[PDB]
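So the structure is just underneath, and the comments pick up after that.
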């Protein structure tokens, strides 16, 4: 297990929006695309009580596997400079 334990999708989106006052970004890589910005209301995206890791795989339709898994996520963010957005997140399962 790498990084802090997965708490909740609603927590992740709500935390960034309130504590940092920054727009939400999409984490996508093979498995699925995480909701952040789109036609759908922003409040709806943060509403999702599903776990951050479970939600991504559930949207994908892939069940969890035993042992350590290596997954990488890409941050899709619209901005003038690439430095504004953080580099891809490395998370193992």
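In the authors' numbering, the protein residues as written are 1 to 93.
Idealized CB from N, CA, C, for every residue including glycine.
Close-in-space but distant-in-sequence residues of the same chain around residue i (CB under 7 Å, 5 per side omitted)
| i | result |
| --- | --- |
| residue 3 | 91 |
| residue 79 | 85 |
| residue 76 | 25, 26 and 28 |
| residue 10 | 46, 47, 48 and 49 |
Residues bridged to residue i [DSSP beta-bridge criterion]
| i | result |
| --- | --- |
| residue 90 | 72 |
| residue 33 | 28 |
Min CB distance residue i to chain B below 8 Å
| i | result |
| --- | --- |
| residue 83 | No chain B appears in the structure shown, which is made up of a single protein chain. |
Contact set for residue i: own chain, Cβ-Cβ below 6 Å, skip 5 residues either direction
| i | result |
| --- | --- |
| residue 35 | 45 |
| residue 58 | none |
Residue range of the unbroken beta strand (DSSP E) whose run includes residue i
| i | result |
| --- | --- |
| residue 28 | 26-28 |
Candidates the options, of which the one nearest residue i by Cα
| i | options | result |
| --- | --- | --- |
| residue 37 | 69, 58 and 13 | 13 |
| residue 42 | 72, 18, 69 and 68 | 18 |
| residue 6 | 32, 55, 63 and 66 | 55 |
| residue 66 | 8, 72, 93 and 16 | 93 |
| residue 71 | 9, 32, 16 and 82 | 32 |
| residue 73 | 16, 30, 21 and 20 | 30 |
First through last residue of the alpha helix (DSSP H) which encompasses residue i
| i | result |
| --- | --- |
| residue 60 | 52-60 |
Three or more C-beta pairs closer than 8 Å, one from the region 38-51 and one from the region 76-92: is that the case here?
-> No, they do not touch.
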